[PDB]
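Read the single chain below, which is given as structure tokens and is the form deposited in one PDB entry.
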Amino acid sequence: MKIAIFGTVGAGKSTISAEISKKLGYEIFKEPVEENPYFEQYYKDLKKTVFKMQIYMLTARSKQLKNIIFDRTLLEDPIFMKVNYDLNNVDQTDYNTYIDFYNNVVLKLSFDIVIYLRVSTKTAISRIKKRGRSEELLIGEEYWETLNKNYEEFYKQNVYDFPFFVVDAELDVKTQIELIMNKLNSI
């Protein structure tokens, strides 16, 4: 069973992953933020850092690819590039470069279930504040709201093409996990 955990920043992906790991005994595929050489400076200037960061993300995720829970997937990385292009942090040319580059260089990738931890931006932000990553504290709400909208739109455009299972991430973790295990056991 290949379990994808899908959702925006502050959705609770790593918490949910850990809880599923506890119950099934599965390995978690994580990409640790502390090992990301770009993270410290990323949010200080998006215009300067985005492209470099997003190529790094593709690389790192690909090496992990060479019974699993995926704490965020490679499907999600282009969402972050799209958001920065929407917010003019990336121009048309750089976006084309990455996009073409994503399909013709980066792009098995099969998941038994893609768990979409759908969450309001408000809750996502307060989870971000609670966690207290200094780097994430810097950018404003518009960034988070744009990203969330982009996560929902990715989901709507791809709903038929992946085995999505939507989880209300406003619910408390015990409930989320109970709904997730019930779903996993039924398949």
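Think of the rigid core as the biggest set of C-alphas that the two forms share within 1.5 Å after superposition. Sequential numbering from 1, following the sequence displayed.
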Original post:
What is the count, as a class, of unmodelled deposited residues between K66 and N67: none, 1 to 3, 4 to 9, or 10 or more?
Top reply: 4 to 9
Subject >> Unmodelled stretch of the deposited sequence separating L107 from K108, binned as none, 1 to 3, 4 to 9 or 10 or more >> reply: 4 to 9
**OP:** Give the stretch, out of 1 to 9 and 178 to 186, with the larger mean C-alpha temperature factor in the deposited entry.
**Re:** 178 to 186
Subject >> Average Cα temperature factor in the PDB entry - higher stretch of 149 to 157, 38 to 46 >> reply: 38 to 46
Subject >> Candidate set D71, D100, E76, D112 [ranked by C-alpha B-factor, highest] >> reply: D100
Original post:
Which third of the chain does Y143 land in by C-alpha B-factor: lowest, middle or highest?
Top reply: middle
Original post:
According to the PDB entry, is the CA B factor of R118 in the bottom, middle or top third of its chain, that is, lowest, middle or highest?
Top reply: lowest
Original post:
By the record's CA B-factor, is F51 among the lowest, middle or highest third of residues in the chain?
Top reply: middle
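Quick note: we don't show the form deposited in another entry, though the next part is all about it.
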Subject >> Which of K122, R133, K47, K149 is displaced between this form and the one not shown by 2 angstroms or more at its C-alpha, rigid core aligned >> reply: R133
